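The structure under discussion appears below in the form of structure tokens.
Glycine also receives a Cβ, built like all others from the backbone with ideal geometry; neighbour counts cover every protein chain displayed. Only the coordinates and a few stated rules stand behind these numbers; no lab work does.
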Ligand SMILES: *[C@@H]1O[C@H](CO)[C@@H](O)[C@H](O)[C@H]1NC(C)=O
């Protein structure tokens, strides 16, 4: 509907979960915009790091500009204050050691700019991050950033070398990395090269992990025309696979459904079954700019002439938003485990997976896998 009312599903009535649903819904919008731009390539995305940079920035923004941002983050549908106080919490929860997610955001400003401490104060408190002011020296500024996303990602992300843009006003950076563990490991001796249908005309061989007697939560959505399965990870997390029925690169109907609320129903409507599971080994990375995506996400106003007078007196505008993500999984797990039910779940064709946090329900990672072999 779109109007302000009180929450019903007890899950979203919790403030931190409510905030996670908004930020996550922003993630889904971004994914949909980006998937539309990359019709033939894998899409790896960890929206949280980017959503956090926007929300942090919105601190030194004024009414009109702030709203533009708040509306893209679904905050205007949250009838609760201390939205930043809650964000501090959410972050504390999903970045905890037990999870295996490392997510960081950074606001970078143009050379010689002077930032009002009234802005730095709220920012460092709620988001635990200080703004970096560019040096002007191209080689020195790029070193700084790389060392930053290095100390942050504990050196699990490829040190970039794209050379910061000549023209920079405000730069937002969102980096994230993930290497987790299933509650049940896979037999490394059961992993073999198998056929992966890239599409109806092309096939390739990628190493596939296997478990002929896997216990996962399953469900078939007749409308979307796909098979949904959920595998748990240690640290109270899960991965949801959306496997279409026929081989295809067209996953639109499905993508169009991805929302926080939709995922909550699927999570509960799922039934535990036993299945023959084969999932490809995955090790992916992505380093790009999502500025063009945000531009057609009702966020153009920020690249034009926004009002950030709460940050500085000089007119500054959102110039670029960069994202660096690294995702990976394999056999590593925690431990192991009349009349049955048949069930095949073979991920040997284009699919979409969603790494979600079980406690808050926050979207930690999303990917459209057209080719396991990676970029
Ligand atoms: C994707 O498949 C659906 C269902 O067959 C179809 O309606 C849609 O047109 C396809 N995507 C296109 C045509 O861009």
* Structure fact -> Residues 297, 209, 237, 37 in order from fewest to most other beta-carbon atoms within 10 Å are 37, 297, 209, 237
* Structure fact -> Taking r as the C-beta separation of residue 5 and residue 111 and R0 as 56 Å, the FRET efficiency to the nearest 0.05 is 0.75
* Would you mind giving the three semi-axes, in whole Å and largest first, of the ellipsoid equivalent to the range 288-375 according to its Cα gyration tensor? => 43, 16, 13
* To do: Give the whole-number value, in cubic angstrom per residue, of the convex hull volume spanned by the C-alpha atoms of the range 2-45.
  => 92 Å³
* Asked: the range 179-231 to the range 58-101: how many Å between their Cα centroids?
  -> 35 Å
* Asked: Volume per residue, Å³, of the convex hull around the alpha-carbon atoms of the chain?
  -> 147 Å³
* Ranked by Cβ crowding within 10 angstrom, fewest neighbours first, how are 11, 241, 365 ordered? -> 11, 241, 365
* the range 3-122: C-alpha gyration tensor shape, a/c 1.5 cut-off, then a/b vs b/c -> rounded
* Computed label-point distance, nm, for sites residue 96 and residue 310 using a 7 Å Cα→Cβ extension -> 3.0 nm
* **Residues of the range 322-357 with amide N under 16 Å of the 7 Å Cα→Cβ point at residue 249** => 349-352
* Structure fact -> Rg/Rh over Cα atoms for the range 78-169, Kirkwood Rh, comes to 1.02
* Just for the chain, what percent of DSSP beta bridges are antiparallel, to the closest 5? -> 80 percent
* **Extension gain, residue 132 back to residue 259 (0.36 nm per residue minus Cα-Cα distance, nm)** => 42.4 nm
* **Neighbour-count order for 217, 159, 324, fewest beta carbons within 10 angstrom listed first** => 159, 217, 324
* Estimated FRET transfer efficiency when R0 is 25 angstrom, pair residue 199-residue 37 (beta carbons, to 0.05) -> 0.85
* Given C-alpha coordinates of the range 166-320, what is the ratio Rg to Rh with the Kirkwood estimate of Rh? -> 1.08
